[PDB]
There are 2 protein chains.
Amino acid sequence: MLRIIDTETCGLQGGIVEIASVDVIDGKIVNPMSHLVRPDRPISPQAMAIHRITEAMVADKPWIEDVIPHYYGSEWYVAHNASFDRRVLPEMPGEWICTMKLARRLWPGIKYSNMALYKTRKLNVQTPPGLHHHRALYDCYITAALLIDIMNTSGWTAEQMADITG
Amino acid sequence: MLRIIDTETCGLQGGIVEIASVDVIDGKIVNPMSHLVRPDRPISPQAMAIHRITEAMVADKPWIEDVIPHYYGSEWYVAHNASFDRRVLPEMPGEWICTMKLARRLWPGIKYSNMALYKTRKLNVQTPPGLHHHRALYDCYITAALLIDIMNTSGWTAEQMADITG
DNA sequence: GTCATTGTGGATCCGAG
DNA sequence: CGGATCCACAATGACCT
Ligand code: NA
Ligand code: NA
Ligand code: NA
Ligand code: NA
């Protein structure tokens with residue numbers, strides 16, 4: 001089981017306004033989870049233009065510390081550019097896999113943003129209702145679909161993928 | 001017809017103690033020739049350990065200029081590291097070909113001494129008894145074998161081989 | 001001195017919100 | 001920011017006796 005994680009933030013230095021995950025088990029996506037989160041700092045307008053989470057949407061929400069333990073319980077955490085989520089999140093109990101590194105290694109010279117990959121790989125995942133690109137749970141479904149594609153294409157195991165991730 | 005030339009010397013600066021040649025015609029080695037030569041300087045102990053030619057062996061022999069015209073009569077002069085032989089010999093009336101440059105171009109990262117190439121390429125020619133490796137005529141057979149093998153592998157013409165050489 | 005191989009500083013572009 | 005990826009180069013060595 002691989003747990004795909006995504007985090008929307010106040011900006012590139014961090015502060016968490018949303019987190020979400022799905023699990024990939026036997027080529028299927030299951031066990032969706034998301035929380036809006038009260039950040040440790042103001043949301044920047046540049047970040048707010050991307051994820052469209054306003055201060056009022058998160059004003060009364062739990063802190064990241066309060067919410068992060070619900071995401072414990074996996075050996076493998078997967079993120080698109082996992083470097084980023086690993087930095088901005090509290091320490092996680094597992095090992096990280098980066099689908100960005102994987103994509104670049106599997107298709108040399110491919111464009112390697114999350115949505116560019118999804119578009120070029122012609123993926124089709126059923127996304128959850130009432131969300132959009134750059135809402136955490138939505139992007140989890142994109143990245144999970146990407147990870148499933150990577151695994152079928154390559155035949156890489158969780159271990160090989162962690163090794164490639166470095 | 002290509003003429004393989006080898007020289008034994010007093011050391012890396014020159015001084016000629018032996019010269020030898022064979023011709024390669026239609027993939028056959030013919031017309032062996034060799035002269036012991038009186039050098040224009042002392043034979044270094046380092047050189048003597050390689051070729052085993054002594055002062056007493058060369059004391060009454062002709063100078064290199066006396067002997068060198070016997071090796072006229074070819075359009076092509078082949079040597080392994082031809083730069084060396086060209087530097088230490090008087091001027092020759094043809095174009096030079098280096099089997100060492102050719103081998104490195106053909107088989108990069110291979111060890112590229114005369115006898116390493118001969119071994120790695122699994123070559124076998126009739127060699128002349130009475131001599132040993134590092135006598136001039138002996139090493140001529142080794143180099144001629146290498147040349148023939150370079151020619152079959154590569155399909156390069158004499159002119160092309162001379163162009164690669166410089 | 002040539003040349004395949006090894007190494008490096010630097011410039012540049014990239015992902016993540 | 002934390003990385004890749006080229007790129008313009010220098011250094012290494014073998015090679016020849
Ligand atoms: Na993300
Ligand atoms: Na996202
Ligand atoms: Na020689
Ligand atoms: Na020799």
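Just so you know, these numbers use all the heavy atoms, side chains as well, and skip hydrogens, waters and symmetry mates. Numbered from 1 within each chain, the chains take letters A, B, ... in sequence-line order.
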Considering only distance and modelled atom types, tabulate donor-acceptor pairs under 3.5 Å from the side chains of residues 94-111 of chain B, sequence neighbours left out.
| from | atom 1 | to | atom 2 | distance (Å) |
| --- | --- | --- | --- | --- |
| B/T99 | OG1 | B/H80 | ND1 | 2.8 |
| B/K101 | NZ | B/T165 | O | 2.7 |

According to a 4.5 Å side-chain heavy-atom criterion applied to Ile, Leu, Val, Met, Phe, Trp and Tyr, with indirect links allowed, do A/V37 and A/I53 form part of one hydrophobic cluster? no

Which side-chain N or O atoms in residues 8-18 of chain A pair as donor and acceptor under 3.5 Å with protein atoms at least two apart or in another chain?
| from | atom 1 | to | atom 2 | distance (Å) |
| --- | --- | --- | --- | --- |
| A/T9 | OG1 | A/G11 | O | 2.8 |
| A/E18 | OE1 | A/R135 | NE | 2.9 |
| A/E18 | OE1 | A/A136 | N | 3.0 |
| A/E18 | OE2 | A/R135 | NE | 3.3 |
| A/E18 | OE2 | A/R135 | NH2 | 2.9 |

Expected output is a numbered-order residue list: members of residues 53-75 of chain A with a heavy atom under 4.0 Å from any atom of DNA chain D. What is it? none

Nearest-Å distance for atom pair CD/P, residues A/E18 and C/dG17: 11 Å

Please give the distance between the P atoms of D/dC6 and C/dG15 as a whole number of Å. 16 Å

Whole angstrom is fine here: how far is it from CG in B/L106 over to P in C/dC3? 15 Å

A student applying the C1'-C2'-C3'-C4' rule, positive for north and negative for south, should call the sugar of D/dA4 north

Would you write the dot-bracket representation of DNA chain C, where each base gets (, ), [, ], | or . depending on whether it forms a Watson-Crick or G-U pair under 3.5 Å and with which partner? |||||||||||||.|..

Using atom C1' in both nucleotides, what's the gap between D/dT17 and C/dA4 to the nearest angstrom? 23 Å

Which residues within residues 143-166 of chain B lie with some heavy atom under 4.0 Å of an atom in DNA chain C? none

Can you name the residues that form a salt bridge (charged side-chain N to carboxylate O under 4.0 Å, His left out) with B/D23, not counting sequence neighbours? B/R3

Can you name the residues that form a side chain to side chain donor-acceptor pair (under 3.5 Å) with B/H51, not counting sequence neighbours? none

Show me the pairs that pass ring pair (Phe, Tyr, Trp, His ring centres under 6.0 Å) and involve residues 132-166 of chain A, at least two apart or across chains. none

Once you round it to whole Å, what is the distance between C1' of C/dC14 and CG of A/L117? 13 Å

Which side the sugar of D/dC7 sits on, once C1'-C2'-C3'-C4' is checked for sign: south

Any side-chain heavy-atom pair from A/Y118 and A/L123 closer than 4.5 angstrom? yes

Taking side chain to side chain donor-acceptor pair (under 3.5 Å) as the test, write out the residues that go with B/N114, two or more places apart. B/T143

With a 4.5 Å cut-off on side-chain heavy-atom distances among I, L, V, M, F, W and Y, is there a chain of contacts connecting B/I164 to B/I148? yes

Taking CD in A/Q160 as the centre, count heavy atoms belonging to other residues, nucleotides or ligands within less than 6.0 Å. Is the count above 12? yes

Would you please name every residue forming a salt bridge (charged side-chain N to carboxylate O under 4.0 Å, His left out) with B/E65, sequence neighbours left out? none

In the structure I gave you, are the side-chain heavy atoms of A/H35 and A/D66 within less than 4.5 Å of one another anywhere? no

Hydrophobic side-chain clustering at under 4.5 Å (ILVMFWY, transitive links): who's grouped with A/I50? Put none if nobody. none

Across nucleotides 4-17 of chain D, 5' to 3', mark each nucleotide with B, S or - according to how protein heavy atoms within less than 4.0 Å reach it. SS-------BBBBB

